[PDB]
Amino acid sequence: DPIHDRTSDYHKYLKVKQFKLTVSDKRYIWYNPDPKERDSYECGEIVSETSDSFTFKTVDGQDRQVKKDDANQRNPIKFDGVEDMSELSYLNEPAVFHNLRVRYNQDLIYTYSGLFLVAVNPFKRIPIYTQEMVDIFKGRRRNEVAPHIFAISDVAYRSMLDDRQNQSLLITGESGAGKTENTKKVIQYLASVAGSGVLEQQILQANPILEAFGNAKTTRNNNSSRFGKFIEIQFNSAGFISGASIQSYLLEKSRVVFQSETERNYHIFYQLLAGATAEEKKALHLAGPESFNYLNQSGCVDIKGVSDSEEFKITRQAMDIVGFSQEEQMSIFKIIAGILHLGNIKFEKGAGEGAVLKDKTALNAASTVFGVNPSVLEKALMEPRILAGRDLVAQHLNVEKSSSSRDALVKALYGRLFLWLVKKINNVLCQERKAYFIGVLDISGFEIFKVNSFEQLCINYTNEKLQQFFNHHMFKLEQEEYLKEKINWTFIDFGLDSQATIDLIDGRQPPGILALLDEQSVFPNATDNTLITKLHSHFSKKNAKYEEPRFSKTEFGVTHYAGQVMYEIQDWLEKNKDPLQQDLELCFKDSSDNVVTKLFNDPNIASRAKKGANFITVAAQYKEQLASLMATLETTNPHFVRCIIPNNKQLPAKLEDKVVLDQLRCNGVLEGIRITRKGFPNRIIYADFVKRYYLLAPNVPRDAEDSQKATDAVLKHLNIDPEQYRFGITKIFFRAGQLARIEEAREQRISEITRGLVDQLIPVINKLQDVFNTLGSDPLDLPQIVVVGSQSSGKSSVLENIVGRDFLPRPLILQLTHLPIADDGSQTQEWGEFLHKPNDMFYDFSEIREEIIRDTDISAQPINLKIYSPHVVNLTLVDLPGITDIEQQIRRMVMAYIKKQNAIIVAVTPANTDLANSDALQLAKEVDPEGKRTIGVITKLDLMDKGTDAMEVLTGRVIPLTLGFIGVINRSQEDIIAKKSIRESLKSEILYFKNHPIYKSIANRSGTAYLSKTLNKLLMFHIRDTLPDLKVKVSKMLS
Ligand SMILES: Nc1ncnc2c1ncn2[C@@H]1O[C@H](COP(=O)(O)OP(=O)(O)O)[C@@H](O)[C@H]1O
Ligand SMILES: OC[C@H]1O[C@@H](O)[C@H](O)[C@@H](O)[C@@H]1O
Ligand SMILES: [Mg+2]
């Protein structure tokens, strides 16, 4: 399984490479050392914070302060390279960019951002698109695998099948950002998982055909799409590919006759001249690109790394696969060559005003490959006949007009040829009946150049609709979640903000730009000036999205979603009408070539108005085509892929701050995470919230049964403002920022209780004990001292002796803290504290005995008693019930305690009860065979017998132990009856051992004083010894 194998290409090319921050409490923030350079950011460490402001040290070396509102906090370095950025506490611009940068530098181009898939063009080849890679993502769910265009393709596929609903993938981005490469990957994936099959190959081979005729090298992309497309992959009810259909939009026909410096014409022109066979060159009258006007003006005829001859063979192969016949293929090449020959026709000024054609070479070459009459073609170009009432009069045209008519014929032939290719492909691939489909939209994003004409308005208008579509989708998803979870919050439709710009463009009443253009396009003597004049007359200072420039008399502004765009009105009338002399239509309708003739006869191709319809302008046609695409998209469940270009030099490993950030700002990527920042952007299933923040509140099990009640407990203890959150049916909902503040509390808390893990070790362990061992569990295997003895062993007296005062009547965690002599030199009064009584102080030890009895009315939940006294040593002990229905759980509890090797066992045993067949030591040796962590305490020594001595065990012989034995004596029953108090009877204990015939030799290693000192010592060093392992355990359970 490659997904788990680290030594697999999957982990190498799709997975990110590979306690310090745990104890650390450092905070960092993104800032720009130069306020005027918003795109350049640096990391600064936070040093202090007030009510609503931060203070940090800049790398330059200088404290700086910023408001908490404008602060761009940085996420913990642990999250650098996350697969899905939606799980970040901070999603500010610099933070987003940073995670993308981290991934990009590791050659990870794919990153998730909620319902957004981000892909940053690598401008390099990364082996993550092989079949094996396809197989790896098959079936896999998003969370189950790393980010990849294949993963989102699978999700859409699974959704189609599971919900029986059509899907769509919208791949958007700037020119060269990677839309088409990713579009091909989706198809590659779908053909594989739902598929080397005839139909499959045909679908796969259709793209190569359209790219040859619709792509070209521009200054921003060597393989630029000069048309947009919507590919529908069809499936049968069983989920197998059954067909495909293609729609093309806004083909850049003007490129056929003109290309700006360094750019090329459509690939097919160069492919034909370089890949045609010798026989084809002759039949077509071909020559090198330099001999053709339409190819020798840009200064570029080839692309580095690209072989046009090789690509030609590929295109021819693709046409064979899709099914174009040999003759159809030849006719397509004749059209391409004919267009080239038309471009070489040179019109000259005749004796008069009319143009003439002196050389007939180009005209004839064209006429021969087109299968039309040269004489008729020549007259149709320079002397088209126009209707003068009821007679046709030959209008002899000058040079400029003849040349323009030639170009119009060229564009019309290319445009029609392209539509014909698409229609032919659809005839072979499209099936009238299909159960479902997955549509992929590959079209240009907003276009804002210095010069913007009609084409740009169409594409911008398109993107206004697509952005509106996305916002509205987000709206619906949000509305659906709040409804399902029972969260009362209503948003204003996100898409309503695009309506104004859209109406200004395609509105009927009031009439928008297109309507006014159409009207003006059919107006008698209308000109580009009367047009601009009319637009200003309708929207200047009357529509907030429109702007009449201050000086320019040929432009107008439109405020688009992505910013204002200035449009030049020049040629708009001609563009909207796309005229072609009727005599040219007639000339080609009489062609001897089958395909040429279809380009002028097929109504669905030869014109915009279908058989029986009225006049249709280009604008009206495009508005109808766009509404049809939107209606289709609105019948699907949409998936969005955001492509980002790393720089403007088409170079690998060179992510530029300004270039990327600019896109993240208009791509909507930063919008798709700030659109709902007004409601409750964050929500977490209760059990998950509790599992993570239980640590911030007392008495809250990481796995409480009632997750919702626990969640409520945490928020209350943290004193969170009730308005900042809402309780859903399955999730807790938070206002923007609130969850991030709770996460920061968790981080600070973690640091507060783990930093000590690096003397006063006893207290540090005491803290962890109060935080994790209250419910009676020891998940961290805390190093502790456990006291074990019989109900009559008199162990409780031992504890009261160590405490130096009576206070004893569940496990009992006794945490003693020594109090130093007062600063003035006085003796501080001793008192106690219970963990379940947060604000109480027990100065009366009698009340402590009572509280123990109260809270107790056998259980595994320990009572946590803390005692602060200047008469005790620093020490922590865990007293367990002494050793039937009840005597079954007790032994169970004890065992569960001494079982751990991180525990030291204090076995208390009466001296007046032999040594063999003990009790505590028995259970002790059971879990501690080598007796390396057991210390025996011998009590009631003064209660043995006449000549009964115990020096044998005290010196460690009857039963050896690494830690040894310690003897002691306690108060008698009549002593308790009298005034005789503890730490008074201790004075006696010392004299007993000091003046004892045999024990006097070991007097210094006996008694309560010595026992307490020893336990403190054993605990200090045991904690120190266990410290390393405990750090590992703590790090784990906290992640
Ligand atoms: N994921 C990718 N892997 C390799 N090269 C890529 C990738 N995405 C883009 N490219 C490179 O970028 C060029 C332009 O990408 P393209 O998809 O054609 O952009 P767009 O369609 O958005 O105009 C490609 O032809 C290729 O050289
Ligand atoms: O003009 C009526 C409608 O026509 C459709 O084609 C457009 O997409 C809508 O935006 C418009 O409101
Ligand atoms: Mg493209």
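For this deposition, the record names X-ray crystallography as the technique by which the model was determined and cites 2.30 Å as its resolution.

Engineer: Explanation requested: the pattern of salt bridges in the structure shown.
Structural biologist: Close approach of charged atoms lets side chains of opposite charge pair. What the rule picks out here adds up to 58 salt bridges. Note that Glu45 and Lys26 form a salt bridge whose closest N and O atoms lie 3.2 Å from each other. Here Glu45, found in strand β2 (residues 42-49), pairs with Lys26, found in the loop between α2 (20-23) and β1 (27-31); they are 19 residues apart in sequence, far enough to count as distant. Given the relative accessible area of 27%, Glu45 is considered partly exposed. Classification of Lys26 as partly exposed rests on a relative accessible area of 48%. In this structure, the salt-bridge partner of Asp442 is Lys229, at a minimum N-O distance of 2.9 Å. With a gap of 213 residues between them, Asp442 in strand β17 (residues 436-442) and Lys229 in strand β11 (residues 228-235) connect regions that are remote in the sequence.

Engineer: Can you walk me through the domain arrangement of the protein chain in this structure?
Structural biologist: Note on interface size: it is often stated as the accessible area lost on association of the parts. When its domains are assigned, the protein chain resolves into domain 1 (27-74), domain 2 (82-263 + 432-446 + 637-668), domain 3 (264-431 + 579-608), domain 4 (451-578 + 613-636) and domain 5 (680-1039). With centres defined by C-alpha atoms, the gap from domain 2 to domain 4 works out at 26 Å. Contacts between domain 2 and domain 4 engage 24 residues on the former and 24 residues on the latter. For the pairing of domain 2 and domain 4, the buried interface totals around 2000 Å² over both sides, and the portion due to carbon and sulfur atoms is 76%. Of all residues in domain 2, the largest losses of buried area upon contact with domain 4 belong to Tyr249, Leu250 and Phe446, amounting jointly to 33% of the total for that side. Put simply, domain 2 and domain 4 have 1 salt bridge between them. With a closest N to O distance of 3.3 Å, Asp578 and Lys253 form a salt bridge. At the junction of domain 2 with domain 4, the criterion picks out 4 residue pairs in polar contact. Residue assignment for the side of domain 2 that touches domain 4 shows that the elements contributing at least two residues are β8 (167-172), β12 (241-249), β17 and β21 (637-644). Ranked by residues supplied to the side of domain 2 that touches domain 4, first place goes to β21 with 4 residues.

Engineer: Please clarify how the UniProt feature "binding site: ATP" in the protein chain should be interpreted in this entry.
Structural biologist: As annotated in UniProt, the feature "binding site: ATP" corresponds to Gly173, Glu174, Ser175, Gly176, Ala177, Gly178, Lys179 and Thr180 in the numbering used here. The residue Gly176 is located in the loop between β8 and α6 (179-193) in this model. The class for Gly176 is buried, based on a relative accessible area of 10%. Those residues in contact with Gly176 that lie beyond four places of it in its chain are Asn121, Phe123, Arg220, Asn221 and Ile645. Counting through the fold element by element, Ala177 comes out in the loop between β8 and α6. Looking at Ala177, the relative accessible area reads 2%, which means it is buried. Ignoring any residue separated from it by four or fewer positions in sequence, one finds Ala177 in contact with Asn121, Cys643, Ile644 and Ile645.

About the criteria used
Residues numbered from 1 in each chain as written, not as in the entry; some residues may be left out. Chains lettered and ligands numbered in written order. Heavy atoms only, no water. Residues with missing side-chain atoms left out of burial classes, pairs and counts. Salt bridge = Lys/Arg side-chain N within 4 Å of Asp/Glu carboxyl O. Helix = DSSP H or I, 4+ residues; strand = E, 2+ residues; numbered from the N terminus. Buried < 20%, exposed > 50% of the residue type's maximum accessible area, 1.4 Å probe, protein only. Domains from an automatic or database assignment. Contact = heavy atoms within 4.5 Å. Buried area = accessible area lost by both parts, 1.4 Å probe. Polar contact = N/O pair within 3.5 Å; in protein donor to acceptor, adjacent residues only side chain to side chain. UniProt positions renumbered as here; feature names shortened; annotations may be inferred.

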